[PDB]
Amino acid sequence: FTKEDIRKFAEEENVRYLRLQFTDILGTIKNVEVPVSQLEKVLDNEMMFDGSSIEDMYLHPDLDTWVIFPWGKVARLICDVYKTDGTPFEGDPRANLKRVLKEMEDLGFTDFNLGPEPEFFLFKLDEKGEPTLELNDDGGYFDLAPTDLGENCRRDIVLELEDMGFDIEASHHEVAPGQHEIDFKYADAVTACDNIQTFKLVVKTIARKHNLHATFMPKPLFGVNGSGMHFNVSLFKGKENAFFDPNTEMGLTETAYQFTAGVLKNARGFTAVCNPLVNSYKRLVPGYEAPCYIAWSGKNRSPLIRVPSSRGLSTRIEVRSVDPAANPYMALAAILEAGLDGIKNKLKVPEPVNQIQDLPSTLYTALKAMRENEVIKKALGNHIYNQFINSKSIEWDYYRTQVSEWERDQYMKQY
Amino acid sequence: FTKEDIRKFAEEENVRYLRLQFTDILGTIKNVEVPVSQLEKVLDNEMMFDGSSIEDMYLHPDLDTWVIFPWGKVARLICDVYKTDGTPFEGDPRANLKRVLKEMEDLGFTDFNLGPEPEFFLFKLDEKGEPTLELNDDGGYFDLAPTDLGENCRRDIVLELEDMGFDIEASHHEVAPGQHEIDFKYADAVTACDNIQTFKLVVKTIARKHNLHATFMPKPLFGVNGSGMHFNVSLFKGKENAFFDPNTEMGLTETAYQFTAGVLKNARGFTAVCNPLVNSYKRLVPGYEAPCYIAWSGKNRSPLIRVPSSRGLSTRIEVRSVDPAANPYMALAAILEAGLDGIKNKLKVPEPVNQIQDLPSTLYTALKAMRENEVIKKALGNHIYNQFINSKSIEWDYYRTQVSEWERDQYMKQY
Amino acid sequence: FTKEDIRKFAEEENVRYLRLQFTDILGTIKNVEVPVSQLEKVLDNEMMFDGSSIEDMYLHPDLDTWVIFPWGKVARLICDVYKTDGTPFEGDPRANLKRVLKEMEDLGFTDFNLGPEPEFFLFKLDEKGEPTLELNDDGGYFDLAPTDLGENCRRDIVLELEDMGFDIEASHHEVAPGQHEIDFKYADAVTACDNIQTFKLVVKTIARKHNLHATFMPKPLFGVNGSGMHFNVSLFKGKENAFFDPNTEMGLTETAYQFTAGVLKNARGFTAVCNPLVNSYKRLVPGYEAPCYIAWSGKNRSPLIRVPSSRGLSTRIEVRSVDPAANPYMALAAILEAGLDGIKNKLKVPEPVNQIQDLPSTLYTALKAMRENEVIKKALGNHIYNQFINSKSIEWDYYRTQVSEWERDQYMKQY
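This entry lists cryo-EM as its structure determination method and reports a resolution of 2.13 Å.

Under the annotation held in the PDB entry, chain A carries the name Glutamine synthetase and is attributed to Staphylococcus aureus. Under its PDB record, the entry appears with the title "S. aureus GS(12) - apo". Among the UniProt annotations of chain A, the heading Subunit (unreviewed entry) holds the following wording: "Oligomer of 12 subunits arranged in the form of two hexagons. In its feedback-inhibited form, interacts with TnrA in order to block its DNA-binding activity."

Visitor: Please set out the arrangement of the chains residue by residue, giving values where relevant.
Guide: Considering every one of the 2 pairs of chains in contact, the largest contact total is recorded for chains B and C. Considering only C-alpha positions, the minimal separation of the non-contacting chain A and chain C is 22 Å.

Visitor: Break down the interface of chain C and chain B for me, with residues and values.
Guide: Each partner contributes to the interface: chain C provides 40 residues, whereas chain B provides 41 residues. Between chain C and chain B, roughly 4100 Å² of surface is buried when both sides are summed, and carbon and sulfur atoms account for 62% of that area. The largest share of the area that chain C buries against chain B comes from C:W406, C:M412 and C:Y415, three residues that together contribute 20% of it. Our enumeration of links across chain C and chain B arrives at 4 salt bridges. As a salt-bridge pair, C:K282 and B:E407 come within 2.9 Å of each other at their nearest N and O atoms. Joining chain C to chain B, the criterion identifies 14 residue pairs in polar contact. Among the elements of the structure, β7 (131-135), β11 (212-215), α11 (374-400) and α12 (405-410) of chain C are those that each provide at least two residues to the side of chain C that touches chain B. The element contributing the most residues to the side of chain C that touches chain B is α11(C), with 4 residues.

Visitor: Lay out the pattern of salt bridges with the relevant residues and their values.
Guide: Across all of its chains, the model carries 79 salt bridges over all chains by this definition. When the shortest N-O distance is used, the salt bridge between A:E337 and A:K344 registers 3.9 Å. Residue A:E337 is classed as buried on the basis of its relative accessible area of 3%. In this structure, the salt-bridge partner of B:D62 is B:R94, at a minimum N-O distance of 3.1 Å. Judged by relative accessible area, which is 4%, B:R94 ranks as buried.

Visitor: I'd like a rundown of helix α5 (residues 189-209) of chain C, residues and numbers included.
Guide: Residues and elements named next belong to chain C. Taking 1.5 Å per residue, 21 residues should reach 30 Å; α5 reaches 31 Å between its end C-alpha atoms and fits that length. With 16 of 21 residues buried, α5 lies mostly within the body of the structure. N211, located one to two residues past α5, shows a positive phi value of around 55°.

Visitor: Hey, could you go over the interface of chain A and chain B for me, with residue numbers and the actual values?
Guide: Tallying the contact residues gives 27 residues for chain A and 25 residues for chain B. Here chain A and chain B share an interface that buries about 2200 Å² over both sides, 46% of which is from carbon and sulfur atoms. In this assembly, chain A and chain B are joined by 7 salt bridges. The closest approach of N and O atoms between A:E33 and B:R155, which form a salt bridge, is 3.1 Å. At the boundary of chain A with chain B, the tally comes to 12 residue pairs in polar contact. Counting residues per element, the ones that place at least two in the side of chain A that touches chain B are β1 (17-23), β2 (29-35) and α5 (189-209) of chain A. Here the side of chain A that touches chain B gets 7 residues from one element, more than from any other, and that element is β2(A). Taken together, the residues of the side of chain A that touches chain B sort by class into 9 nonpolar, 9 polar and 9 charged.

Visitor: Please give an account of a nonpolar patch on the surface that cites residues and values.
Guide: On the surface, A:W406, A:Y411, A:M412 and A:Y415 cluster together to form a nonpolar patch covering roughly 580 Å² of accessible area. With respect to the helices and strands, the residue A:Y415 is situated in the segment after α12 (405-410).

Visitor: How would you sum up the environment of A:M57? Please name residues and give values.
Guide: Residues and elements named next belong to chain A. Relative to the helices and strands, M57 is located in strand β4 (residues 57-69). Along the backbone, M57 and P70 are 13 residues apart, and their C-alpha atoms lie at a distance of 30 Å. Ignoring anything within four residues of it in the chain, the contact list for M57 reads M47, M48, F49, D50, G51, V81, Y82 and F89.

Thresholds applied
Residues numbered from 1 in each chain as written, not as in the entry; some residues may be left out. Chains lettered and ligands numbered in written order. Part of a larger assembly, values for the part shown. Heavy atoms only, no water. UniProt positions renumbered as here; feature names shortened; annotations may be inferred. Contact = heavy atoms within 4.5 Å. Buried area = accessible area lost by both parts, 1.4 Å probe. Salt bridge = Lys/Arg side-chain N within 4 Å of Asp/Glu carboxyl O. Polar contact = N/O pair within 3.5 Å; in protein donor to acceptor, adjacent residues only side chain to side chain. Helix = DSSP H or I, 4+ residues; strand = E, 2+ residues; numbered from the N terminus. Buried < 20%, exposed > 50% of the residue type's maximum accessible area, 1.4 Å probe, protein only. Expected span 1.5 Å × (residues − 1). Nonpolar A, V, L, I, M, F, W, Y, C, P; charged D, E, K, R; others polar. Patch = residues over 30% accessible without salt bridge, like charges linked within 9 Å, V, L, I, M, F, W, Y side chains within 5 Å. Areas by Shrake-Rupley, 256 points an atom, 1.4 Å probe, with all protein chains shown as cover.

As structure tokens, then:
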């Protein structure tokens with residue numbers, strides 16, 4: 001898309017307002033709404049926001065991200081954050097991912113695809129409009145109505161996403177009660193992260209329209225399956241998958257093996273980025289279909305890395321520890337950098353486990369492991385690395401001092 | 001606009017009623033509604049009201065302020081208050097600002113632009129229609145729905161303002177929960193103050209339609225960021241900005257430096273006018289993004305005066321201590337006179353603070369400082385000066401004797 | 001009293017427990033209860049407490065303060081606070097008053113009497129036992145039952161105080177509804193301050209037995225008379241009043257005039273100590289029988305200093321600005337030092353006002369005036385002076401940022 005294309009779209013679609021939206025370090029999408037009479041100012045990269053209020057900057061819209069919300073008509077553009085000197089801000093996760101991809105392109109790889117699959121819960125709202133603790137239904141995996149009561153809301157979400165240009169693959173009820181999954185096809189790295197960001201807000205808006213609250217919190221309830229955001233990744237060097245070997249019986253190139261070796265070797269280091277909440281490690285517990293051991297397998301369900309049986313152009317590596325609360329840009333950049341480190345150091349792959357280190361058990365331990373990894377620092381840059389560590393340390397210190405109801409139930413009558 | 005233009009508008013738009021509205025000393029907009037059959041009497045400056053009931057007078061409409069409320073169709077005219085002898089009333093803030101501008105024009109300056117940016121809170125209404133203490137949402141800076149629940153109300157306010165001829169620039173959620181900001185571009189001094197007055201009433205009218213209460217109180221809640229009304233001001237002598245120097249690397253003329261020197265030197269004096277409430281000084285406290293130190297900077301966030309990095313015709317000076325509860329005419333006249341004092345006395349500018357007196361801490365201290373400044377007395381004239389001081393002194397005396405709940409919580413059990 | 005007297009009292013009265021009680025800088029009485037089996041340890045000045053938890057110390061009981069609470073039987077001793085080296089702690093208000101009296105004795109004055117008269121309100125308790133905002137009755141000055149419903153509680157307080165060795169003089173309903181006053185005769189400075197401390201706790205304990213809450217808060221409610229703790233002061237040099245002149249028609253010595261001159265001259269300085277609360281200056285407002293002007297009179301009701309018409313050995317000077325929330329030791333020491341300053345500088349007295357500086361209007365202004373006065377610093381010593389200033393500054397900073405209900409009632413709908 002060019003400026004002329006955007007102008008033509010604005011005139012012919014009668015777009016009245018523009019939403020310039022971007023993402024902070026915590027993965028929260030931030031936006032400012034602007035009347036279409038400021039279209040020329042927006043297209044000249046002259047829009048300005050504060051920056052000090054977000055975890056003197058400029059907004060540079062990415063014109064390929066133009067899309068109209070089908071709910072005054074509003075269109076949106078996903079913008080990169082630049083400084084006053086015309087250079088991209090080093091603390092912007094999206095510009096970070098772009099430059100990581102640019103560094104990848106020097107190794108001969110021309111593309112990096114991401115197929116995500118986030119899961120979410122639906123909770124009922126009260127009369128005041130606040131979410132309650134009761135799920136929308138008590139359905140199970142692949143359940144249908146009236147056992148699956150989220151069928152109408154899920155259908156409306158799919159309908160709204162299709163109007164916005166998504167390529168939806170499947171939709172179904174998930175294992176936990178009130179848990180749902182909508183699948184969309186892979187895209188390029190940047191547009192896949194944009195798809196995740198847009199998908200979360202579309203899901204939340206349409207769920208609110210249905211008197212429901214949608215949350216991507218990893219483990220909202222104890223004793224119930226958590227939500228994951230498995231990352232399917234594949235490398236390409238020119239209209240061809242770099243992971244697929246049409247000669248060996250297994251069908252994986254040496255590049256695919258080195259990528260897996262690098263991801264496995266650096267998995268402990270990027271866990272904090274891929275699992276950024278304190279709640280994220282209540283999901284990484286045994287017995288709930290969540291990965292907590294660093295291993296890979298081609299024929300098995302719950303190692304850290306699973307290589308699906310499909311081959312050809314669909315040959316991919318699935319990292320299963322990513323949760324929907326993670327920042328897609330930072331997590332994808334960390335995974336890509338770990339894989340590229342494995343590629344360029346020619347690491348040998350441990351034997352697949354078909355029947356072994358451990359992921360960090362808490363956010364504090366993951367932060368400790370993140371400070372000791374050199375690959376994650378290079379993946380994130382100095383600014384994002386330092387801000388993430390400082391904010392997560394403050395968050396953990398806030399969490400560390402709380403007294404929970406579990407403690408008052410076990411103690412206070414026994415002691 | 002002429003009389004013929006107004007008559008043509010009344011016939012062709014089928015206007016049924018006229019709202020002749022003006023502003024008192026406290027910034028409250030007052031009006032009387034008149035059937036369109038009295039249009040000739042209105043245009044002949046023969047409208048009369050009491051005057052003794054407002055903090056034997058004639059209304060003189062300003063025909064350029066014609067606008068129709070898009071919600072019997074009603075149009076409005078902003079009127080000046082005249083005495084029975086045909087001379088403007090010395091206690092009318094709008095006529096005061098007009099004559100201050102007339103005095104400024106004798107110095108060679110032909111224009112004075114004001115770009116304001118007021119902020120407001122939205123509170124939920126109860127069943128009886130009274131505002132509660134519960135904010136409309138719990139969103140943050142640049143937040144979006146469903147975290148930003150004021151999106152629809154803000155969009156309707158913007159839509160309603162655009163029909164009235166405003167040029168809206170941006171709208172977004174503000175830092176505090178339930179705090180919102182809608183930005184409109186600068187205009188001439190008188191019409192900018194008229195824009196502020198119209199903006200407040202449009203916001204308050206559209207909020208009621210959404211079962212919400214809009215308030216421009218500076219600090220409605222403790223522990224929460226307050227609302228400001230930063231004043232962006234620039235001087236012109238004929239289709240060219242007098243603050244812009246395209247020779248120096250900094251890009252500011254000597255005139256811009258003397259204006260800043262005058263505003264800084266007289267900043268203590270006009271604080272009471274720019275912060276006229278007792279609540280205004282609960283916002284002027286450290287740690288909440290509010291100015292409390294009399295200093296200027298070009299590259300910094302929170303001095304009293306901020307000079308934005310933009311240059312050319314958009315070279316401005318931002319006075320950041322003005323709150324939305326201030327009377328726009330009186331505050332703008334005070335700031336203009338303070339700047340012109342430095343212009344005509346060639347005051348030298350203190351060095352910018354990039355890493356120092358203090359603003360008055362209470363309304364009583366601000367009133368004490370106002371009685372000791374000659375520039376504010378010359379800016380407001382004798383009548384407005386005396387009435388403002390008397391009314392604010394009475395208000396402070398009423399506030400001083402109250403016993404708050406904080407006092408009964410700290411004491412009453414300890415003593 | 002000697003150690004043998006205390007042992008005899010403990011054996012013959014069958015005292016089971018001892019309360020070693022002392023006063024912190026804020027006037028709050030602190031105590032620890034000890035079984036009578038530790039009587040020898042208590043009498044050997046070997047009792048220890050923390051000190052860091054109170055606004056490694058030793059307790060030295062003052063044996064003359066022995067008294068038994070008539071409500072296991074408990075007696076108490078008022079203790080001085082000493083350091084580990086056997087010297088009195090410089091931050092103890094009682095030891096401060098003792099050394100100020102010792103310094104006074106070098107001037108030839110052998111005694112210093114104080115007649116206090118604190119006033120208190122009575123508030124009804126709810127079912128949970130918390131105080132409410134409704135007064136016990138709606139009686140007035142010198143009112144009787146059933147208009148005065150505090151008659152029984154006041155009688156029980158008087159009965160309990162008489163068993164404890166008080167010499168009660170009068171008890172009556174006060175001007176404000178629910179306000180009461182019980183008078184006891186003067187004593188020496190240290191024992192008068194001990195009487196005030198004991199009186200407050202006895203009143204608060206007995207009121208609780210009547211399902212009432214007793215408070216010595218200066219101004220608990222707006223629009224209603226506040227509570228004062230007038231200090232009646234007289235100097236003696238040997239079984240004779242130094243203020244009484246049997247030859248002059250008025251009957252006041254030059255010493256009495258110089259004492260008044262000193263107190264008037266230093267009145268602004270010690271106001272913060274005598275009025276230590278933020279609420280204290282809601283009482284110091286015109287129209288409620290409270291002093292706010294620094295002047296003296298012999299025949300008038302409301303100057304700052306009143307000299308009662310009685311002469312002989314009962315010739316006294318009444319300072320009327322002290323409220324019952326003040327620390328009696330610190331306020332008495334400040335007043336004594338202020339008077340002695342005039343005594344030793346031979347200050348001339350301003351003419352009595354029978355029909356003029358102004359007391360500080362807020363706690364902040366009183367603290368500012370405290371830092372500029374050397375007599376108060378000499379009276380309190382360095383440690384108490386600095387601790388009081390720091391704590392009151394923090395308290396004022398906490399109060400300054402609150403948003404009261406008055407502000408939300410005046411504003412929030414007007415703006």
